[PDB]
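See below for the structure under consideration.
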Amino acid sequence: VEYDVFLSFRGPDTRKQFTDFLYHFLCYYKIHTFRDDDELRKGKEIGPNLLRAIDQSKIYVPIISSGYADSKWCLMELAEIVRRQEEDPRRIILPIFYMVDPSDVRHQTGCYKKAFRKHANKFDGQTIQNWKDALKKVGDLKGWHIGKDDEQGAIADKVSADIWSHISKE
Ligand SMILES: Nc1ncnc2c1ncn2[C@@H]1O[C@H](CO)[C@H]2OP(=O)(O)O[C@H]21
């Protein structure tokens with residue numbers, strides 16, 4: 001009746017192409033998986049929808065993308081994930097790097113340079129340091145890298161069982 005999982009990704013790149021192959025596949029394990037596409041813009045943060053679903057979720061599984069550093073909504077939401085995680089470590093995080101090195105995620109360099117080059121002209125000089133402090137930790141947790149040659153299929157099947165293993169054995 002509630003959500004045992006919660007996703008997060010970049011809509012223009014993998015929302016209908018790659019992430020989708022995971023969601024349908026996951027529902028075949030008979031579990032409620034939550035995914036949203038609402039472009040928000042109704043304020044700056046919605047307590048009834050995004051904030052509630054987060055505290056209802058159990059296994060936060062973001063999916064870092066190449067452009068995971070441009071959307072003004074994604075990062076501020078990611079900061080709300082890992083921050084809530086550090087209070088109660090009963091839950092976990094299983095990131096999945098995708099078509100990006102596991103080196104341009106701990107230092108915001110590489111193909112993120114242009115992203116924070118322009119984001120520094122509008123927001124605070126401390127809020128940005130908060131994101132880079134939060135985004136760094138995600139790039140230290142365990143994660144399946146997806147090589148340009150890796151089967152988009154089998155990776156989905158294997159990563160599903162590891163999610164389903166933590167539920168059946170509890
Ligand atoms: N305009 C948008 N551009 C990109 N992603 C969006 C947009 N609006 C919403 N999202 C994403 O919808 C997801 C719902 O859980 C949420 O996960 P996220 O990674 O924080 O990016 C958000």
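Ordering of the structure tokens sets the chain letters (A, B, ...), residue numbers begin anew at 1 in every chain, and ligands are numbered from 1 in the order given.
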Problem - Residues of chain A in strand (DSSP E or B), written as JSON, numbers by chain - result: {"A": [5, 6, 59, 60, 92, 93]}
Problem - Env. residues ligand 1 / 9 Å / only C-alpha atoms and all ligand atoms / as a PyMOL selection string - result: chain A and resi 6-12+15+34-41+50+53-54+62-64+68+70-78
Let me see the file: selected residues, N, CA, C and O atoms, as a CSV table (one decimal), in the first residue's frame.
chain,number,residue,atom,x,y,z
A,6,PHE,N,12.2,4.2,-4.6
A,6,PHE,CA,12.0,5.6,-5.0
A,6,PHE,C,13.1,5.9,-6.0
A,6,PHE,O,14.3,5.8,-5.6
A,7,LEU,N,12.8,6.3,-7.2
A,7,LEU,CA,13.8,6.6,-8.2
A,7,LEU,C,14.1,8.1,-8.3
A,7,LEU,O,13.5,8.9,-7.6
A,8,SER,N,15.0,8.4,-9.2
A,8,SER,CA,15.4,9.8,-9.5
A,8,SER,C,16.3,9.8,-10.7
A,8,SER,O,17.3,9.0,-10.8
A,9,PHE,N,16.1,10.7,-11.7
A,9,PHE,CA,16.9,10.6,-12.9
A,9,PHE,C,16.7,11.9,-13.7
A,9,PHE,O,16.2,12.9,-13.2
A,10,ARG,N,17.2,11.9,-15.0
A,10,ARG,CA,17.1,13.1,-15.9
A,10,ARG,C,16.0,12.8,-16.9
A,10,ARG,O,16.3,11.8,-17.7
A,11,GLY,N,14.9,13.5,-16.9
A,11,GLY,CA,13.8,13.1,-17.8
A,11,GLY,C,14.1,13.2,-19.3
A,11,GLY,O,13.7,12.3,-20.1
A,12,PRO,N,14.8,14.3,-19.8
A,12,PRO,CA,15.0,14.4,-21.3
A,12,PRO,C,15.9,13.3,-21.9
A,12,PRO,O,15.6,12.9,-23.0
A,15,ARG,N,14.3,9.1,-19.3
A,15,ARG,CA,13.0,8.9,-18.7
A,15,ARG,C,12.1,7.8,-19.5
A,15,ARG,O,11.6,6.9,-18.8
A,34,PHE,N,7.8,3.6,-7.3
A,34,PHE,CA,7.2,4.9,-7.6
A,34,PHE,C,8.1,5.7,-8.6
A,34,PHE,O,9.3,5.8,-8.3
A,35,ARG,N,7.4,6.3,-9.6
A,35,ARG,CA,8.2,7.2,-10.6
A,35,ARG,C,7.3,8.4,-10.9
A,35,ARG,O,6.1,8.1,-11.1
A,36,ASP,N,7.8,9.6,-10.9
A,36,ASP,CA,7.0,10.8,-11.2
A,36,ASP,C,7.7,11.5,-12.4
A,36,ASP,O,8.9,11.4,-12.6
A,37,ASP,N,6.9,12.2,-13.2
A,37,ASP,CA,7.4,13.0,-14.4
A,37,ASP,C,7.0,14.5,-14.3
A,37,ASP,O,7.4,15.3,-15.1
A,38,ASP,N,6.1,14.8,-13.3
A,38,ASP,CA,5.6,16.1,-13.1
A,38,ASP,C,6.8,17.1,-13.2
A,38,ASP,O,7.8,17.0,-12.4
A,39,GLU,N,6.7,18.1,-14.1
A,39,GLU,CA,7.8,19.1,-14.3
A,39,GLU,C,7.8,20.1,-13.1
A,39,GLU,O,8.7,21.0,-13.2
A,40,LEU,N,7.0,19.9,-12.1
A,40,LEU,CA,7.0,20.7,-10.9
A,40,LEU,C,6.7,22.2,-11.3
A,40,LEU,O,5.6,22.4,-11.9
A,41,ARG,N,7.6,23.1,-10.9
A,41,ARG,CA,7.4,24.6,-11.2
A,41,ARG,C,6.2,25.1,-10.5
A,41,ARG,O,5.8,26.3,-10.7
A,50,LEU,N,6.4,15.3,-3.5
A,50,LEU,CA,7.8,14.8,-3.5
A,50,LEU,C,8.3,14.5,-2.1
A,50,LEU,O,8.9,13.4,-1.8
A,53,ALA,N,6.5,11.3,-0.5
A,53,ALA,CA,6.9,10.0,-1.1
A,53,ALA,C,8.3,9.7,-0.6
A,53,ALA,O,8.6,8.5,-0.5
A,54,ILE,N,9.2,10.6,-0.4
A,54,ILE,CA,10.5,10.4,0.1
A,54,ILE,C,10.5,9.6,1.4
A,54,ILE,O,11.1,8.6,1.6
A,62,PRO,N,19.0,6.5,-6.8
A,62,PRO,CA,19.1,7.5,-7.9
A,62,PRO,C,19.8,6.8,-9.1
A,62,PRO,O,20.4,5.8,-9.0
A,63,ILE,N,19.7,7.5,-10.2
A,63,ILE,CA,20.4,7.1,-11.5
A,63,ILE,C,21.1,8.3,-12.1
A,63,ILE,O,20.5,9.0,-12.9
A,64,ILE,N,22.3,8.5,-11.6
A,64,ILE,CA,23.1,9.6,-12.1
A,64,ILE,C,23.2,9.6,-13.7
A,64,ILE,O,23.4,8.5,-14.2
A,68,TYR,N,23.0,15.2,-15.2
A,68,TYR,CA,22.3,15.2,-13.8
A,68,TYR,C,22.7,16.5,-13.0
A,68,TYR,O,22.3,16.6,-11.9
A,70,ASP,N,22.4,19.9,-14.3
A,70,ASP,CA,21.9,21.1,-14.9
A,70,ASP,C,20.5,21.5,-14.3
A,70,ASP,O,20.4,22.7,-14.0
A,71,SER,N,19.6,20.6,-14.2
A,71,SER,CA,18.2,20.8,-13.8
A,71,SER,C,18.3,21.4,-12.4
A,71,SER,O,19.0,20.9,-11.5
A,72,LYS,N,17.5,22.5,-12.2
A,72,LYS,CA,17.5,23.2,-10.9
A,72,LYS,C,16.7,22.4,-9.9
A,72,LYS,O,16.9,22.6,-8.6
A,73,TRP,N,15.9,21.4,-10.3
A,73,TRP,CA,15.1,20.7,-9.4
A,73,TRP,C,15.7,19.4,-8.9
A,73,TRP,O,15.5,19.0,-7.8
A,74,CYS,N,16.6,18.8,-9.8
A,74,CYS,CA,17.1,17.5,-9.4
A,74,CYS,C,18.1,17.6,-8.2
A,74,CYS,O,17.9,16.9,-7.2
A,75,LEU,N,19.1,18.5,-8.3
A,75,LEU,CA,20.1,18.5,-7.3
A,75,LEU,C,19.5,18.8,-5.9
A,75,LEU,O,19.8,18.1,-4.9
A,76,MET,N,18.7,19.9,-5.8
A,76,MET,CA,18.1,20.3,-4.5
A,76,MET,C,17.3,19.1,-4.0
A,76,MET,O,17.1,19.0,-2.7
A,77,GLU,N,16.7,18.3,-4.8
A,77,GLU,CA,16.0,17.1,-4.4
A,77,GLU,C,17.0,16.0,-3.9
A,77,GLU,O,16.8,15.3,-2.9
A,78,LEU,N,18.1,15.9,-4.6
A,78,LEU,CA,19.2,14.9,-4.2
A,78,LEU,C,19.7,15.3,-2.8
A,78,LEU,O,20.0,14.4,-2.0
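The gap separating CA of residue 16 (chain A) from CA of residue 168 (chain A) is 28.9 Å, in Å to one decimal.
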Handout entry: Residue neighbourhood region 88-92 of chain A, 10 Å, only C-alpha atoms, exclusion window fewer than 4 positions, as a PyMOL selection string
Key = chain A and resi 57-61+82-84+141
Given the selection you just returned, output its residues as a file containing C-alpha atoms, formatted as a PDB file, in the first residue's frame.
ATOM      1  CA  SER A  57      10.268   5.261   0.329  1.00  0.00           C
ATOM      2  CA  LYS A  58      12.686   2.569   1.645  1.00  0.00           C
ATOM      3  CA  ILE A  59      15.520   2.063  -0.883  1.00  0.00           C
ATOM      4  CA  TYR A  60      16.543   5.339  -2.521  1.00  0.00           C
ATOM      5  CA  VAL A  61      18.083   4.399  -5.869  1.00  0.00           C
ATOM      6  CA  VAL A  82      21.382  11.905   1.332  1.00  0.00           C
ATOM      7  CA  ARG A  83      20.644  14.352   4.152  1.00  0.00           C
ATOM      8  CA  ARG A  84      17.633  12.322   5.284  1.00  0.00           C
ATOM      9  CA  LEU A 141      28.736   4.293  -2.561  1.00  0.00           C
TER      10      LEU A 141
END
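Proximity ranking of A:65, A:49, A:33, A:14 relative to residue 145 (chain A) places A:65 first, based on only C-alpha atoms.
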Problem - Which of chain A fall in helix (DSSP H, G or I), as an NGL selection string - result: :A and (11-14 or 19-27 or 47-56 or 72-87 or 113-121 or 127-138 or 154-168)
Could you turn the residues from that selection into a file that holds C-alpha atoms, as a PDB file, in the first residue's frame?
ATOM      1  CA  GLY A  11      13.779  13.143 -17.842  1.00  0.00           C
ATOM      2  CA  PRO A  12      14.987  14.425 -21.292  1.00  0.00           C
ATOM      3  CA  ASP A  13      17.690  11.696 -21.585  1.00  0.00           C
ATOM      4  CA  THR A  14      16.606   8.370 -19.930  1.00  0.00           C
ATOM      5  CA  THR A  19      14.820   3.991 -16.857  1.00  0.00           C
ATOM      6  CA  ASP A  20      11.584   2.725 -18.279  1.00  0.00           C
ATOM      7  CA  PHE A  21      13.044  -0.720 -19.073  1.00  0.00           C
ATOM      8  CA  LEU A  22      13.699  -0.989 -15.316  1.00  0.00           C
ATOM      9  CA  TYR A  23      10.283   0.064 -14.019  1.00  0.00           C
ATOM     10  CA  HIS A  24       8.164  -2.422 -15.980  1.00  0.00           C
ATOM     11  CA  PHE A  25      10.710  -5.170 -15.213  1.00  0.00           C
ATOM     12  CA  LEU A  26      10.588  -4.310 -11.495  1.00  0.00           C
ATOM     13  CA  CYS A  27       6.792  -4.506 -11.316  1.00  0.00           C
ATOM     14  CA  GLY A  47       5.501  18.832   0.677  1.00  0.00           C
ATOM     15  CA  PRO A  48       2.446  16.621  -0.211  1.00  0.00           C
ATOM     16  CA  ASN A  49       3.994  14.944  -3.305  1.00  0.00           C
ATOM     17  CA  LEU A  50       7.839  14.781  -3.501  1.00  0.00           C
ATOM     18  CA  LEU A  51       8.595  15.289   0.244  1.00  0.00           C
ATOM     19  CA  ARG A  52       5.939  12.751   1.398  1.00  0.00           C
ATOM     20  CA  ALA A  53       6.923  10.037  -1.108  1.00  0.00           C
ATOM     21  CA  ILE A  54      10.533  10.353   0.084  1.00  0.00           C
ATOM     22  CA  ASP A  55       9.750   9.621   3.736  1.00  0.00           C
ATOM     23  CA  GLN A  56       7.474   6.775   2.526  1.00  0.00           C
ATOM     24  CA  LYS A  72      17.535  23.213 -10.855  1.00  0.00           C
ATOM     25  CA  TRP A  73      15.065  20.683  -9.420  1.00  0.00           C
ATOM     26  CA  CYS A  74      17.141  17.498  -9.406  1.00  0.00           C
ATOM     27  CA  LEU A  75      20.119  18.513  -7.263  1.00  0.00           C
ATOM     28  CA  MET A  76      18.125  20.262  -4.527  1.00  0.00           C
ATOM     29  CA  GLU A  77      16.044  17.089  -4.369  1.00  0.00           C
ATOM     30  CA  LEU A  78      19.150  14.901  -4.209  1.00  0.00           C
ATOM     31  CA  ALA A  79      20.454  16.967  -1.294  1.00  0.00           C
ATOM     32  CA  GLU A  80      17.209  16.101   0.484  1.00  0.00           C
ATOM     33  CA  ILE A  81      17.888  12.400  -0.081  1.00  0.00           C
ATOM     34  CA  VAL A  82      21.382  11.905   1.332  1.00  0.00           C
ATOM     35  CA  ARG A  83      20.644  14.352   4.152  1.00  0.00           C
ATOM     36  CA  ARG A  84      17.633  12.322   5.284  1.00  0.00           C
ATOM     37  CA  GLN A  85      19.771   9.194   4.932  1.00  0.00           C
ATOM     38  CA  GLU A  86      22.466  10.305   7.382  1.00  0.00           C
ATOM     39  CA  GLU A  87      19.990  10.651  10.260  1.00  0.00           C
ATOM     40  CA  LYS A 113      32.258  22.382 -15.197  1.00  0.00           C
ATOM     41  CA  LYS A 114      29.904  24.285 -17.532  1.00  0.00           C
ATOM     42  CA  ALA A 115      26.992  23.458 -15.224  1.00  0.00           C
ATOM     43  CA  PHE A 116      28.290  25.136 -12.071  1.00  0.00           C
ATOM     44  CA  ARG A 117      29.977  27.834 -14.166  1.00  0.00           C
ATOM     45  CA  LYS A 118      26.591  29.534 -14.744  1.00  0.00           C
ATOM     46  CA  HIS A 119      24.685  28.353 -11.599  1.00  0.00           C
ATOM     47  CA  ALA A 120      26.984  30.547  -9.433  1.00  0.00           C
ATOM     48  CA  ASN A 121      25.392  33.811 -10.705  1.00  0.00           C
ATOM     49  CA  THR A 127      23.948  26.625  -1.063  1.00  0.00           C
ATOM     50  CA  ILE A 128      26.173  25.587  -3.974  1.00  0.00           C
ATOM     51  CA  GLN A 129      28.814  24.334  -1.545  1.00  0.00           C
ATOM     52  CA  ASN A 130      26.038  22.265   0.035  1.00  0.00           C
ATOM     53  CA  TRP A 131      25.240  20.475  -3.230  1.00  0.00           C
ATOM     54  CA  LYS A 132      28.887  19.741  -4.045  1.00  0.00           C
ATOM     55  CA  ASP A 133      29.240  18.424  -0.495  1.00  0.00           C
ATOM     56  CA  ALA A 134      26.209  16.170  -0.942  1.00  0.00           C
ATOM     57  CA  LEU A 135      26.826  15.106  -4.543  1.00  0.00           C
ATOM     58  CA  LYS A 136      30.320  13.951  -3.568  1.00  0.00           C
ATOM     59  CA  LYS A 137      29.196  11.293  -1.089  1.00  0.00           C
ATOM     60  CA  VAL A 138      27.034   9.577  -3.710  1.00  0.00           C
ATOM     61  CA  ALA A 154      21.070  -8.161 -18.220  1.00  0.00           C
ATOM     62  CA  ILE A 155      22.161  -5.279 -15.980  1.00  0.00           C
ATOM     63  CA  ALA A 156      18.473  -4.628 -15.343  1.00  0.00           C
ATOM     64  CA  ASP A 157      17.772  -8.261 -14.453  1.00  0.00           C
ATOM     65  CA  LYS A 158      20.717  -8.510 -12.060  1.00  0.00           C
ATOM     66  CA  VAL A 159      20.052  -5.171 -10.346  1.00  0.00           C
ATOM     67  CA  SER A 160      16.430  -6.184  -9.799  1.00  0.00           C
ATOM     68  CA  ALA A 161      17.286  -9.317  -7.809  1.00  0.00           C
ATOM     69  CA  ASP A 162      19.674  -7.367  -5.568  1.00  0.00           C
ATOM     70  CA  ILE A 163      16.733  -5.079  -4.834  1.00  0.00           C
ATOM     71  CA  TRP A 164      14.396  -8.043  -4.397  1.00  0.00           C
ATOM     72  CA  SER A 165      16.918  -9.896  -2.223  1.00  0.00           C
ATOM     73  CA  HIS A 166      16.821  -7.235   0.496  1.00  0.00           C
ATOM     74  CA  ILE A 167      13.024  -7.546   0.627  1.00  0.00           C
ATOM     75  CA  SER A 168      12.377 -11.300   0.767  1.00  0.00           C
TER      76      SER A 168
END
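Reported to one decimal place, the separation of CA of residue 66 (chain A) from CA of residue 100 (chain A) is 5.9 Å.
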Exercise for the section: Please indicate the distance in Å from CA of residue 17 (chain A) to CA of residue 142 (chain A), rounded to one decimal place. Expected result: 23.9 Å
